[PDB]
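A.B. asks: There's a structure below that I have some questions on.
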Amino acid sequence: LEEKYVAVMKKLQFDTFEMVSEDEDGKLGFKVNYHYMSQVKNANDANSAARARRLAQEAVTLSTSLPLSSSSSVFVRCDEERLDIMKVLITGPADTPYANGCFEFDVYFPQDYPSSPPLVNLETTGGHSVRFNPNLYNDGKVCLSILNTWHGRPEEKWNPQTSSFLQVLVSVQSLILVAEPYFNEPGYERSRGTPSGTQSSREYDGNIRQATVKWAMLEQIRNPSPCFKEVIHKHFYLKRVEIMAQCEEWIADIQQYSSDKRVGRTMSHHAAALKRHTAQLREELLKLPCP
Amino acid sequence: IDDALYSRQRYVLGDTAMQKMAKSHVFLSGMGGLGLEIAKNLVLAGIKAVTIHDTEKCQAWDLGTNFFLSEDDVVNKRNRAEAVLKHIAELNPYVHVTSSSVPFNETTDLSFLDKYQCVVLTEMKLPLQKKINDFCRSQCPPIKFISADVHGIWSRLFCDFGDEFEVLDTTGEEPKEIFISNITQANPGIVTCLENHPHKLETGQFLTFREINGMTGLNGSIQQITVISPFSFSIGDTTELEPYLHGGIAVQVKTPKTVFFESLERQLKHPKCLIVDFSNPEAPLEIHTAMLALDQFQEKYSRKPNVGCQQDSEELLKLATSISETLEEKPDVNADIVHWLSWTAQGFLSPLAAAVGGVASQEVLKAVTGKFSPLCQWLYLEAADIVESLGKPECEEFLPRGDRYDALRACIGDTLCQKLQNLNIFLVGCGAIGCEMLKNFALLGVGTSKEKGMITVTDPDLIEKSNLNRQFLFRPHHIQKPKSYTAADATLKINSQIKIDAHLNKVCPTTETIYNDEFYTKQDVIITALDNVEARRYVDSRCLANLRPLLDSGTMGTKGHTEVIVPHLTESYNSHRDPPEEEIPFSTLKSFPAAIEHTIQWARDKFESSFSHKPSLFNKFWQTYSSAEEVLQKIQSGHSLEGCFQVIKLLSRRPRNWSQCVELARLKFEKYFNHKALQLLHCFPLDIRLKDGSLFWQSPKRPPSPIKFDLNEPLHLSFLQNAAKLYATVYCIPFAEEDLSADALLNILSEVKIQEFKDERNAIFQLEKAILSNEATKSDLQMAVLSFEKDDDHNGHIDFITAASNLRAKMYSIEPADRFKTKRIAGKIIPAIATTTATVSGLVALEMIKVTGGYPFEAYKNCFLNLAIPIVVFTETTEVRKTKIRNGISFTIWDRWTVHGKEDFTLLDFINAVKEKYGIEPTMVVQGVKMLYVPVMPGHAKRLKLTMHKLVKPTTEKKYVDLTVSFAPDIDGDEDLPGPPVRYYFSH
Ligand SMILES: O=P(O)(O)O[C@H]1[C@H](OP(=O)(O)O)[C@@H](OP(=O)(O)O)[C@H](OP(=O)(O)O)[C@@H](OP(=O)(O)O)[C@H]1OP(=O)(O)O
Ligand SMILES: Nc1ncnc2c1ncn2[C@@H]1O[C@H](COP(=O)(O)OP(=O)(O)OP(=O)(O)O)[C@@H](O)[C@H]1O
């Protein structure tokens, strides 16, 4: 199965899609939702030239070096004319609360690139109502040392000579989406191994599981973005059995702590929400036509 | 102190300096060009009382140096001091100006000078200057003495502040703050700075400590340091103190400094000059020798040397040789300098006078306030480079002709003056520097020729009250009028023959249609007076595409710089790509502040989010969908909507009257300054520890604490009032000023409770409730949008921001900030003053002459100055750089290749044409930011068989487009070699 999954998806890692249309007046008309509309419209300066060379060089790497496996993969789309517009879709790794999710990001390159790191924004926040990770604020801001410019450490900054976009993508996938996101927060690792820490981690994991089942699969299937529509439909169609098994296991595991008193109410609430989500997701998957 | 007029100057001088500036009287003698410049700068500064004194009468020769006289004044033979009295008082009504005409000589009684506190002398014979200087320095208290003179293209400046002078601020930079990491109970103790962040200190400075755990003895003490490493230093014995636990903050302490001066007569035997050009460190001594010889000659013969009479030159050279051996240091005699001083003894150069006047005004301010370090003890500026390239001109070219340009003609010669009157110069921005540049242009007669000559100035802004402090061409009755038109009208009065074309456009890519390439080709030099880097870069890129010289300058407080760009000789502005600047980390700004800047920035961002972004989103959402019932039906059908929850939540909590607005403000206050602290403490208790055991609530993090509301506290009342007003304005609820009283607020809040501290269905229910309540009318789906206006004293913006920032700072136990500092930080106001702008304008005016004359590369100079030290540095402009790609082919930034095509030209034809013509084959073609041919990405393989005309989609007005190309590297895996831009012509 995994071999077939790798074979089918390998043709869709990199491509181009039409996002911006220009009228006779030079005005820009966006056909898809984009987070950085104002910066694109205002920054019309054509002085930048090294940015084009850097992006053209990067396009060579991005065409072949993107990670691709059954556990996780990356998909990239870029505009048919401009070069400073990109959308990234990342599937969550296995054996984590983000398993088999479909998260969408917006990437914009400033004029002075690569002297400054690009801007990244998370879009699958569920209307800013969900904080998916301690490093992923509910407003959509994604924070990493490599994307930031401050005092810090000389090796912990956006180095124009060595830093590359592929490093940013791999760092996001490998460090943000981990097995136990609760311990990413500094100051909690001291309580690692304690029963209280374990209970808190379980509560956080249950919340994240229900949130990702809601806003990462059902909403994506019902209202896919135009750019990644085919990728989404082919991805979910091929992994329905595993998705059902994973959801059943998640429902079973959560109720094991419903008898507790400290977190019993929250666990019961999470389990009820997960059941309600899964009831509709089953119908949605059953009605998915074959691509 | 009316801040509306001195807002910019306070950030430079300071409140104590402002107080000392008042109750000060300055005596100024000599109303030539230099005296006029000094008087103008002083009056704009804001001195209480200024007395001008002169004894001669106006002459036609004066019209070329004085920008306030008129033909009628010359006709009536008025005294020079009186003819300028009325106009000068117009600059500032707060300054009391008086004129005097008492004769000066050896037998004049100098008793009346004791009333004043600073004396400036100009155009005075040497012996009387000696006598006056001897008299002034012997007073108790001593009276400061300053002398200045300009002859031809040479200047001299001198200072004397008595035997001993006291300075209360050596440099003027704000002290930095450091965090202690470790202390040692040793003799001497060793203090280790935190990880990274070097202390940037030097031995001999003094520090004070606070907030130290364990070593309580060092809190509030003062110590003198000794640098050991970039991350540590030394303090005295601490073996008798407790062990150091954690924490600790040290800040630098300023210390008064005492300097010494000498009498003028003593200083004439071995001056302590100031070096401005390190290429010729011995130049100031020779210039001093020549000036002294000139003064001796003028005393002996009662006249200045005549141009071209070689016997006068020989006599001056002999006198200079006689004086030089008498000097203590015994230097050499520079024949060239003596010859050129003899040549142009009777001239007068306006920009040099302006620069010297700016420096002298700064010196007078230092003398009266004691704010900065004074000059010690001489300053010699000159512009010899202008005539160094003239070779051996004839004497007849410098003879006067009987017009207003006699001084300039005697300075530089007739030919260069004629080449000046035919300039077409394009000026961008009409700020503080713009007005000075216009005044200099009027004085030099730029573009006054009937046949050819034009000056273009563009500026979209309007005149503002605070702008009157620095720009002297504007008047109080000119508020809310275009800067360009007012500047043109003011300039036309100085010189009648000036031809000025003024515009109102803003230089930007959108307005590129009017400022096409033909306009730039018509121009001969471009001068910038902008305040932001983006406009500078855009103008530089535009000028680079047409091979036109560019002059750039900028100032900030007491620092300024000038830059010169010449085609085919120097690098451009973009060759100097500058480093970026630290941005506050997201986590320090949001939850862990450490300084007042963080709280101010947080308040600004909260204001923006609460009053600008949300109203825009609300209006856009409710104009996307016509009716609320339609939205409810779409929601009930499961259809997704963008940001529906936020807008529906805003709708549910909509206020209806004044009382609801007050209650909303109270709830916002409670949520902002009470619940956040409790939540933060709940998530992280005070005693939590990291892996290594250190407390999490350590430096630089500071623990928070809740604040209880109290109407009696003035800060609480101010915040409540400002929030209520802003929300009432945004929701468009009428209100009256009586409702802002304390008693009314008490009455309204008497019945408001506070909730204690601890989705789709709810949103649908609230929307249905609003629908059934007839709250979904067209008027209800409308919200006013506010914009930040820091110059308005009644919109309440600054009051709200300041109150919020102070409250948040007191939550985290940080020192609060007043209104003015908060305004400066939030608005990013750049401090400015008149002296630096005048100086940089003079220097730019000097460089324009060299640019016009077409002098070789060695003549141009770049200047960086800081009057606070003071320090002036002249360097040669950066040379152009050769860059090669392959096969020995090289190019500069000024190169540009051309390709001629036709109607049926294809991309492959273009590639082959470039390959044949220049020898290498491009691998990628991109038009600006829109690509045209990238082999890697799919679909571009077939693009090789397309017409260029279709592929470019140009506009009919333009006959050519510019493209960027790159070439394959010799070794695979390397970045492609950049290439010069290529211009493509559609047809012959
Ligand atoms: O929109 P923002 O400027 O980012 O401010 C929000 C907003 O507070 P305000 O509306 O009072 O400005 C949130 O409230 P909602 O509008 O979403 O209801 C609030 O959320 P809580 O009510 O849950 O406190 C959140 O605070 P937080 O991120 O701590 O949840 C806070 O963000 P900031 O005050 O940090 O900007
Ligand atoms: N792109 C532009 N095109 C034209 N004029 C510009 C442009 N950018 C800035 N300016 C002008 O530059 C001038 C700068 O003047 P200055 O530095 O004295 O301060 P200011 O903008 O008047 O205001 P403040 O002193 O309060 O900062 C302004 O008059 C502004 O109109």
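Labeling convention for the structure tokens: chains A, B, ... as they appear, residues from 1 per chain, ligands from 1 in order of appearance.
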Which residues of chain B have any atom within 7 Å of an atom in ligand 2 when counting only C-alpha atoms and all ligand atoms, and what is the closest pair of atoms for each, with the distance in Å to one decimal? Order the rows by chain and rising number and write it as JSON lines.

C.D. replies:
{"residue": "B:428", "atom": "CA", "partner": "ligand 2", "partner_atom_place_in_ligand_line": "4 (C)", "distance": 6.0}
{"residue": "B:429", "atom": "CA", "partner": "ligand 2", "partner_atom_place_in_ligand_line": "5 (N)", "distance": 4.1}
{"residue": "B:430", "atom": "CA", "partner": "ligand 2", "partner_atom_place_in_ligand_line": "29 (O)", "distance": 5.0}
{"residue": "B:431", "atom": "CA", "partner": "ligand 2", "partner_atom_place_in_ligand_line": "15 (O)", "distance": 3.3}
{"residue": "B:432", "atom": "CA", "partner": "ligand 2", "partner_atom_place_in_ligand_line": "18 (O)", "distance": 4.2}
{"residue": "B:433", "atom": "CA", "partner": "ligand 2", "partner_atom_place_in_ligand_line": "18 (O)", "distance": 6.8}
{"residue": "B:458", "atom": "CA", "partner": "ligand 2", "partner_atom_place_in_ligand_line": "4 (C)", "distance": 6.0}
{"residue": "B:459", "atom": "CA", "partner": "ligand 2", "partner_atom_place_in_ligand_line": "5 (N)", "distance": 4.3}
{"residue": "B:460", "atom": "CA", "partner": "ligand 2", "partner_atom_place_in_ligand_line": "31 (O)", "distance": 5.3}
{"residue": "B:461", "atom": "CA", "partner": "ligand 2", "partner_atom_place_in_ligand_line": "31 (O)", "distance": 4.3}
{"residue": "B:467", "atom": "CA", "partner": "ligand 2", "partner_atom_place_in_ligand_line": "22 (O)", "distance": 6.3}
{"residue": "B:505", "atom": "CA", "partner": "ligand 2", "partner_atom_place_in_ligand_line": "4 (C)", "distance": 6.7}
{"residue": "B:506", "atom": "CA", "partner": "ligand 2", "partner_atom_place_in_ligand_line": "3 (N)", "distance": 3.6}
{"residue": "B:507", "atom": "CA", "partner": "ligand 2", "partner_atom_place_in_ligand_line": "3 (N)", "distance": 4.0}
{"residue": "B:508", "atom": "CA", "partner": "ligand 2", "partner_atom_place_in_ligand_line": "1 (N)", "distance": 5.7}
{"residue": "B:529", "atom": "CA", "partner": "ligand 2", "partner_atom_place_in_ligand_line": "12 (O)", "distance": 6.2}
{"residue": "B:530", "atom": "CA", "partner": "ligand 2", "partner_atom_place_in_ligand_line": "12 (O)", "distance": 4.4}
{"residue": "B:531", "atom": "CA", "partner": "ligand 2", "partner_atom_place_in_ligand_line": "17 (O)", "distance": 5.1}
{"residue": "B:532", "atom": "CA", "partner": "ligand 2", "partner_atom_place_in_ligand_line": "8 (N)", "distance": 6.5}
{"residue": "B:535", "atom": "CA", "partner": "ligand 2", "partner_atom_place_in_ligand_line": "1 (N)", "distance": 5.2}
{"residue": "B:829", "atom": "CA", "partner": "ligand 2", "partner_atom_place_in_ligand_line": "27 (O)", "distance": 6.2}
{"residue": "B:830", "atom": "CA", "partner": "ligand 2", "partner_atom_place_in_ligand_line": "27 (O)", "distance": 6.2}

A.B. asks: Fewer than 4 positions away in the same chain doesn't count, so skip those; otherwise give me all residues within 9 Å of range 72-78 of chain A, counting only C-alpha atoms, as a PyMOL selection string.

C.D. replies: chain A and resi 12-19+62+66-68+82-94+99-100+169+173+227-228+231

A.B. asks: Please identify all protein, DNA and RNA residues within 6 Å of ligand 1, counting only C-alpha atoms and all ligand atoms, and report them as a ChimeraX atom specification.

C.D. replies: /B:590,606,609

A.B. asks: Once you count only C-alpha atoms, which residues of chain A turn out to be within 8 Å of chain B? Could you give them as a PDB file with C-alpha atoms, in the first residue's frame?

C.D. replies:
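Final file, part_12.pdb:
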ATOM      1  CA  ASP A  15       3.409  22.325  -9.781  1.00  0.00           C
ATOM      2  CA  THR A  16       2.004  25.760 -10.645  1.00  0.00           C
ATOM      3  CA  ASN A  44       5.181  46.999  -6.274  1.00  0.00           C
ATOM      4  CA  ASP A  45       8.875  47.934  -6.412  1.00  0.00           C
ATOM      5  CA  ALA A  46      10.785  46.182  -9.203  1.00  0.00           C
ATOM      6  CA  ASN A  47      14.264  47.069  -7.917  1.00  0.00           C
ATOM      7  CA  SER A  48      14.844  43.551  -6.579  1.00  0.00           C
ATOM      8  CA  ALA A  49      16.883  41.323  -8.883  1.00  0.00           C
ATOM      9  CA  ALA A  52      14.735  36.297  -8.717  1.00  0.00           C
ATOM     10  CA  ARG A  53      18.093  34.541  -9.043  1.00  0.00           C
ATOM     11  CA  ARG A  54      17.791  33.020  -5.573  1.00  0.00           C
ATOM     12  CA  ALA A  56      15.245  30.344  -9.621  1.00  0.00           C
ATOM     13  CA  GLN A  57      18.089  28.465  -7.946  1.00  0.00           C
ATOM     14  CA  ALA A  59      13.241  25.928  -7.775  1.00  0.00           C
ATOM     15  CA  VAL A  60      15.840  23.355  -8.836  1.00  0.00           C
ATOM     16  CA  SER A  63      11.469  20.064  -7.676  1.00  0.00           C
ATOM     17  CA  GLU A  81       3.618  34.382 -13.243  1.00  0.00           C
ATOM     18  CA  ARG A  82       4.908  35.862  -9.989  1.00  0.00           C
ATOM     19  CA  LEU A  83       7.593  34.209  -7.889  1.00  0.00           C
ATOM     20  CA  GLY A 127     -11.236  30.681  12.622  1.00  0.00           C
ATOM     21  CA  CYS A 143       7.467  31.245  15.428  1.00  0.00           C
ATOM     22  CA  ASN A 148      13.260  35.436  13.513  1.00  0.00           C
ATOM     23  CA  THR A 149      15.884  38.180  13.607  1.00  0.00           C
ATOM     24  CA  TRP A 150      17.019  39.105  17.121  1.00  0.00           C
ATOM     25  CA  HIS A 151      19.988  38.854  19.496  1.00  0.00           C
ATOM     26  CA  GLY A 152      19.827  35.115  20.186  1.00  0.00           C
ATOM     27  CA  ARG A 153      22.809  33.197  18.836  1.00  0.00           C
ATOM     28  CA  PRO A 186      10.034  25.298  28.300  1.00  0.00           C
ATOM     29  CA  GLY A 187       9.477  25.069  32.026  1.00  0.00           C
ATOM     30  CA  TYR A 188       7.314  21.955  31.794  1.00  0.00           C
ATOM     31  CA  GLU A 189      10.131  19.524  30.975  1.00  0.00           C
ATOM     32  CA  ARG A 190      11.115  19.622  34.647  1.00  0.00           C
ATOM     33  CA  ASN A 223     -14.424  22.926   1.550  1.00  0.00           C
TER      34      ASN A 223
END

A.B. asks: Given the choices A:258, A:185, A:270, A:291, which gets closest to residue 683 in chain B if the distance is worked out from only C-alpha atoms?

C.D. replies: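 Selected residue with least distance to residue 683 in chain B: A:185.
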
A.B. asks: What does the distance from CA of residue 320 in chain B to CA of residue 387 in chain B come to in Å, to one decimal?

C.D. replies: 21.3 Å

A.B. asks: Would you mind listing what lies within 10 Å of residue 739 in chain B as a PyMOL selection string, with only C-alpha atoms counted and same-chain residues fewer than 4 positions away left out?

C.D. replies: chain B and resi 658-659+721+735+743-745+748

A.B. asks: Just want the 12 Å neighbourhood of residue 178 in chain A, counted on only C-alpha atoms, with same-chain residues fewer than 3 positions away dropped. Output as a list in words.

C.D. replies: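 Residues near the query, excluding close chain neighbours: residues 92, 93, 94, 95, 96, 97, 98, 99, 132, 133, 134, 135, 171, 172, 173, 174, 175, 181, 182, 183, 184 and 205 of chain A.
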
A.B. asks: Can you list, as an NGL selection string, every protein, DNA or RNA residue that comes within 7 Å of residue 180 in chain B when you count only C-alpha atoms, leaving out same-chain residues fewer than 6 positions away?

C.D. replies: :B and (192-194 or 247-249)

A.B. asks: Create the file for the chosen residues now, containing C-alpha atoms and written as an mmCIF file, in the first residue's frame.

C.D. replies:
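Written out: again12.cif:
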data_model
loop_
_atom_site.group_PDB
_atom_site.id
_atom_site.type_symbol
_atom_site.label_atom_id
_atom_site.label_comp_id
_atom_site.auth_asym_id
_atom_site.auth_seq_id
_atom_site.Cartn_x
_atom_site.Cartn_y
_atom_site.Cartn_z
ATOM 1 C CA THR B 192 29.969 38.467 34.579
ATOM 2 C CA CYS B 193 27.447 39.799 32.082
ATOM 3 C CA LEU B 194 24.546 37.679 30.877
ATOM 4 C CA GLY B 247 19.288 38.968 39.422
ATOM 5 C CA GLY B 248 20.837 42.400 39.223
ATOM 6 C CA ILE B 249 20.576 45.370 36.877
#

A.B. asks: Based on DSSP run over this structure's backbone, return all residues of range 20-247 of chain A in helix (DSSP H, G or I), as a ChimeraX atom specification.

C.D. replies: /A:37-42,50-62,165-176,181-184,189-191,195-222,229-238,240-247

A.B. asks: Excluding same-chain residues fewer than 5 positions from range 21-37 of chain A, what lies within 8 Å of it counting only C-alpha atoms, as a list in words?

C.D. replies: residues 106, 108, 121 and 226 of chain A

A.B. asks: Would you put the residues from that selection into a file with C-alpha atoms, as a short mmCIF file (atom, residue, chain, number, x, y, z; two decimals), in the first residue's frame?

C.D. replies:
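Result went into selection-v6.cif, see below:
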data_model
loop_
_atom_site.label_atom_id
_atom_site.label_comp_id
_atom_site.auth_asym_id
_atom_site.auth_seq_id
_atom_site.Cartn_x
_atom_site.Cartn_y
_atom_site.Cartn_z
CA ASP A 106 1.05 30.80 3.25
CA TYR A 108 5.54 35.31 1.01
CA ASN A 121 1.49 32.05 8.17
CA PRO A 226 -8.87 25.28 -5.03
#

A.B. asks: Using DSSP assignments from the backbone, pull out every residue in range 424-518 of chain B that falls under strand (DSSP E) and give it to me as a list in words.

C.D. replies: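 Here is the list: residues 424, 425, 426, 427, 428, 454, 455, 456, 457, 458, 500, 501, 502 and 503 of chain B.
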
A.B. asks: Save the residues we just selected, C-alpha atoms, as a PDB file, in the first residue's frame?

C.D. replies:
ATOM      1  CA  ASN B 424      18.074  72.000 -15.033  1.00  0.00           C
ATOM      2  CA  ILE B 425      17.876  70.447 -11.571  1.00  0.00           C
ATOM      3  CA  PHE B 426      15.173  68.161 -10.175  1.00  0.00           C
ATOM      4  CA  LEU B 427      14.572  68.318  -6.419  1.00  0.00           C
ATOM      5  CA  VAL B 428      12.628  65.692  -4.466  1.00  0.00           C
ATOM      6  CA  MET B 454      14.403  75.261 -14.579  1.00  0.00           C
ATOM      7  CA  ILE B 455      13.960  73.925 -11.055  1.00  0.00           C
ATOM      8  CA  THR B 456      11.344  71.265 -10.329  1.00  0.00           C
ATOM      9  CA  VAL B 457      10.225  70.587  -6.756  1.00  0.00           C
ATOM     10  CA  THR B 458       7.557  68.033  -5.847  1.00  0.00           C
ATOM     11  CA  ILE B 500      10.578  77.587 -10.537  1.00  0.00           C
ATOM     12  CA  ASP B 501       8.109  74.901 -11.589  1.00  0.00           C
ATOM     13  CA  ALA B 502       6.327  73.318  -8.624  1.00  0.00           C
ATOM     14  CA  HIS B 503       4.321  70.097  -8.462  1.00  0.00           C
TER      15      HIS B 503
END

A.B. asks: I'd like the interatomic distance between CA of residue 34 in chain B and CA of residue 353 in chain B, to a tenth of an Å.

C.D. replies: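 Straight-line distance from CA of residue 34 in chain B to CA of residue 353 in chain B works out to 5.4 Å.
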
A.B. asks: Work out how far CA of residue 803 in chain B is from CA of residue 700 in chain B, in Å to one decimal.

C.D. replies: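 CA of residue 803 in chain B lies 23.9 Å from CA of residue 700 in chain B.
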
A.B. asks: Do a neighbour search on residue 466 in chain B at 9 Å with only C-alpha atoms, toss out local chain neighbours closer than 3 positions, and write the hits as a PyMOL selection string.

C.D. replies: chain B and resi 3-8+463+469-470+791

A.B. asks: Include N, CA and C atoms and write out the residues we just selected as an mmCIF file, in the first residue's frame.

C.D. replies:
data_model
loop_
_atom_site.group_PDB
_atom_site.id
_atom_site.type_symbol
_atom_site.label_atom_id
_atom_site.label_comp_id
_atom_site.auth_asym_id
_atom_site.auth_seq_id
_atom_site.Cartn_x
_atom_site.Cartn_y
_atom_site.Cartn_z
ATOM 1 N N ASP B 3 4.456 72.863 23.371
ATOM 2 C CA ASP B 3 5.043 71.723 22.678
ATOM 3 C C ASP B 3 4.732 71.741 21.191
ATOM 4 N N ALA B 4 3.627 72.377 20.797
ATOM 5 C CA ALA B 4 3.243 72.401 19.391
ATOM 6 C C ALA B 4 4.288 73.079 18.518
ATOM 7 N N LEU B 5 5.177 73.877 19.104
ATOM 8 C CA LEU B 5 6.226 74.539 18.345
ATOM 9 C C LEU B 5 7.611 73.961 18.579
ATOM 10 N N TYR B 6 7.893 73.446 19.774
ATOM 11 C CA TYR B 6 9.213 72.925 20.108
ATOM 12 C C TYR B 6 9.197 71.418 20.335
ATOM 13 N N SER B 7 8.278 70.709 19.675
ATOM 14 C CA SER B 7 8.190 69.264 19.856
ATOM 15 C C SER B 7 9.466 68.564 19.409
ATOM 16 N N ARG B 8 10.023 68.971 18.271
ATOM 17 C CA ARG B 8 11.199 68.293 17.743
ATOM 18 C C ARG B 8 12.470 68.675 18.486
ATOM 19 N N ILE B 463 1.479 72.126 5.058
ATOM 20 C CA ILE B 463 2.194 72.828 6.116
ATOM 21 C C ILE B 463 1.568 72.511 7.466
ATOM 22 N N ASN B 469 9.121 75.398 13.074
ATOM 23 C CA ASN B 469 10.325 75.513 13.888
ATOM 24 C C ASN B 469 11.588 75.431 13.041
ATOM 25 N N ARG B 470 11.612 74.540 12.053
ATOM 26 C CA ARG B 470 12.828 74.272 11.293
ATOM 27 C C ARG B 470 12.852 74.947 9.928
ATOM 28 N N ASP B 791 -0.590 64.097 15.997
ATOM 29 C CA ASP B 791 -0.489 65.546 16.094
ATOM 30 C C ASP B 791 -1.762 66.205 16.603
#

A.B. asks: Which one is closest to residue 488 in chain B: B:442, B:604, B:637, B:524? Count only C-alpha atoms.

C.D. replies: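 Distance minimum relative to residue 488 in chain B lands on B:442.
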
A.B. asks: With distances taken over only C-alpha atoms, which residue among B:788, B:441, B:894, B:727 lies nearest residue 547 in chain B?

C.D. replies: B:894
